[PDB]
Colleague: 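Handing you a structure now.
Remember, it's 1-based here, ligands and their atoms both numbered in the order they're listed. Residue numbers start from 1 in every chain, and the chains themselves are labelled A, B, ... in the order their sequence lines are given, proteins ahead of strands. We use all heavy atoms of the structure for the numbers below, so side chains are in, but hydrogens, waters and symmetry mates are not.
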There are 2 protein chains.
Amino acid sequence: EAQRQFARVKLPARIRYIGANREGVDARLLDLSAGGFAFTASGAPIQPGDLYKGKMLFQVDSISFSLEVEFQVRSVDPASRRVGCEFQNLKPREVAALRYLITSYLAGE
Amino acid sequence: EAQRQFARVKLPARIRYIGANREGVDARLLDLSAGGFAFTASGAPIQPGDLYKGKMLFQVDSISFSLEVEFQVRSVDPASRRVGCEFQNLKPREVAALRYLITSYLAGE
Ligand SMILES: Nc1nc2c(ncn2[C@@H]2O[C@@H]3COP(=O)(O)O[C@H]4[C@@H](O)[C@H](n5cnc6c(=O)[nH]c(N)nc65)O[C@@H]4COP(=O)(O)O[C@H]3[C@H]2O)c(=O)[nH]1
Ligand SMILES: Nc1nc2c(ncn2[C@@H]2O[C@@H]3COP(=O)(O)O[C@H]4[C@@H](O)[C@H](n5cnc6c(=O)[nH]c(N)nc65)O[C@@H]4COP(=O)(O)O[C@H]3[C@H]2O)c(=O)[nH]1
Ligand SMILES: Nc1nc2c(ncn2[C@@H]2O[C@@H]3COP(=O)(O)O[C@H]4[C@@H](O)[C@H](n5cnc6c(=O)[nH]c(N)nc65)O[C@@H]4COP(=O)(O)O[C@H]3[C@H]2O)c(=O)[nH]1
Ligand SMILES: Nc1nc2c(ncn2[C@@H]2O[C@@H]3COP(=O)(O)O[C@H]4[C@@H](O)[C@H](n5cnc6c(=O)[nH]c(N)nc65)O[C@@H]4COP(=O)(O)O[C@H]3[C@H]2O)c(=O)[nH]1
């Protein structure tokens, strides 16, 4: 097994992006980390390697955070339709902020 | 002069609350800190000591943050209509998160 570079957490979170068939997607996140996220595809075709841009929202410490993110699909389980994604081109302070907030959430667990 | 307990910054930020005359307010923030904020009243009556609840939005490191805050008016300059406010009842992790983000903004300056 591989070490995950960023700890993952399950919290209230959502991704909104425009997908392949020009069909807007609104998906609850299965989990989130400073490196990426997962969600259940339940819809249009999606492939490993696909690049999307969207607005991600999540809540930590009663604060709602949202940012525009680009992501790359890293895996698609054709069975469960679980889609694993990696953020692309996040700025240093942005990644740092994500890490801080997720760590703060973890601290609460 | 008095030392400010929390550093203040000028960033894109907004407060939305329901004011005295039941008149909804949407005001850009003059500045923000982990302790409170200021805005120009330009409208209905408002007094030192007034308590309001609203949704505050601000942007740091390309991330948009919003939270429901209760605030107490600490000062009202009847001339410039500058209103200075103090957050009430923020949770420890919430204050810590605010301090972190504002410090991160300051670091960028
Ligand atoms: N390609 C890919 N798929 C991912 C990734 N994260 C989650 N998944 C998929 O999501 C399933 C379940 O993830 P899990 O709940 O965290 O639960 C996982 C996890 O807790 C653990 N696990 C398995 N392999 C690894 C690993 O290489 N590293 C770590 N840290 N945990 C693993 O075993 C459970 C299931 O393993 P899987 O059969 O692989 O089944 C995984 C896998 O199909 C990922 O970064 N890349
Ligand atoms: N929150 C979240 N982020 C995701 C997910 N899928 C991909 N990412 C993000 O994209 C990076 C690369 O994913 P990977 O190519 O599948 O490459 C993964 C994968 O090969 C493996 N891995 C980690 N966990 C599992 C697992 O539960 N099952 C399996 N089969 N592999 C895993 O370890 C590699 C690196 O893991 P990371 O360091 O965490 O790095 C991940 C992670 O930052 C996801 O389901 N949830
Ligand atoms: N009651 C109250 N009013 C506030 C507060 N913060 C800002 N104001 C009001 O906003 C005006 C300008 O604030 P400033 O731009 O930061 O610019 C300020 C600030 O840079 C500085 N200053 C004056 N007094 C103090 C002080 O006691 N502590 C600090 N740290 N700075 C002060 O002088 C400028 C103007 O002084 P002011 O005449 O008082 O005029 C102040 C004052 O009327 C506050 O925490 N409480
Ligand atoms: N971002 C922001 N927060 C505000 C403002 N007004 C009040 N607050 C928040 O509410 C606390 C108390 O404000 P104060 O009663 O006016 O009590 C103030 C006030 O008496 C004085 N003070 C600070 N700056 C100034 C200033 O520029 N001018 C004057 N006249 N007094 C100041 O120092 C006391 C404590 O300052 P703080 O520690 O900063 O603590 C402030 C601050 O956390 C504001 O305009 N902007």
Colleague: Just so I know, are the side chains of A:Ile46 and A:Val73 near enough to count as touching, which here means a heavy-atom distance under 4.5 Å?
Modeller: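 Yes, side chains in contact.
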Colleague: Against heavy atoms of A:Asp31, which atoms of ligand 2 measure under 4.0 Å?
Modeller: 1 (N), 2 (C), 44 (C), 46 (N)
Colleague: Has ligand 2 got any nitrogen or oxygen that is less than 3.5 angstrom from a nitrogen or oxygen of A:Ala2?
Modeller: no
Colleague: Salt-bridge test for B:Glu86 and B:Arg74: reply yes if a basic N is under 4.0 Å from a carboxylate O, no otherwise.
Modeller: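 Looking at B:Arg74 together with B:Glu86, the answer is yes, because their closest N to O distance falls below 4.0 Å.
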Colleague: Would one find an N or O of A:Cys85, backbone or side chain, under 3.5 Å from an N or O of ligand 2?
Modeller: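 The answer is yes, given that A:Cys85 and ligand 2 share an N or O pair closer than 3.5 Å.
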Colleague: Counting heavy atoms only, name the option from A:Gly84, A:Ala79, A:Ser80, A:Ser75 that's nearest to atom 46 (N) of ligand 1.
Modeller: A:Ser75
Colleague: Enter the distance from A:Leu57:CG to A:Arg28:CZ here, rounded to the nearest 0.5 Å.
Modeller: 11.0 Å
Colleague: So which of A:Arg8, A:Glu86, A:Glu1 gets nearest to atom 45 (O) of ligand 1, if we judge by its closest heavy atom?
Modeller: A:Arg8
Colleague: With sequence neighbours excluded, tell me which residues meet side-chain contact (heavy atoms from CB on, under 4.5 Å) with B:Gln47.
Modeller: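 With sequence neighbours excluded, B:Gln47 shows a side-chain contact (heavy atoms from CB on, under 4.5 Å) to B:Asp50, given in chain and number order.
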Colleague: If I apply the N/O under 3.5 Å rule, does B:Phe6 come out as touching ligand 4?
Modeller: no
Colleague: Below 4.0 angstrom from a heavy atom of A:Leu32, which ligand 2 atoms are there? Numbered from 1 as shown, please.
Modeller: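 Those qualifying, in numeric order: 1 (N).
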Colleague: Are any of the heavy atoms in A:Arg74 under 4.0 Å away from ligand 1?
Modeller: no
Colleague: Is any side-chain N of the basic residue among A:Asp77 and A:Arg82 closer than 4.0 Å to the acidic one's carboxylate O?
Modeller: no
Colleague: Looking at A:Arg4 and A:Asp31, does any basic side-chain N land under 4.0 Å from a carboxylate oxygen?
Modeller: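 Looking at A:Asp31 together with A:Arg4, the answer is no, because their closest N to O distance does not fall below 4.0 Å.
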Colleague: As a check for students: among B:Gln3, B:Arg4, B:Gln72, identify the option with a heavy atom nearest to atom 24 (N) of ligand 4.
Modeller: B:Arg4
Colleague: If we set the cut-off at 4.0 Å for heavy atoms, which region of B:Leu30 has an atom near ligand 4: side chain, backbone, both, or neither?
Modeller: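 It is neither; nothing of B:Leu30 touches ligand 4.
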Colleague: What atoms in ligand 2 come closer than 4.0 Å to a heavy atom of A:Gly36?
Modeller: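 Heavy-atom distances to A:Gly36 below 4.0 Å select 1 (N), 2 (C), 3 (N).
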Colleague: Please enumerate all residues that pass ring-ring contact (aromatic ring centres under 6.0 Å, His included) together with A:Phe58, with sequence neighbours excluded.
Modeller: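 A:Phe58 satisfies ring-ring contact (aromatic ring centres under 6.0 Å, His included) with A:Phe65 once adjacent residues are dropped.
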Colleague: Quick check: closest heavy atoms across B:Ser62 and A:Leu67, and the distance to 0.1 Å?
Modeller: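 In this case the closest contact between B:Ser62 and A:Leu67 is O-CB, 4.0 Å.
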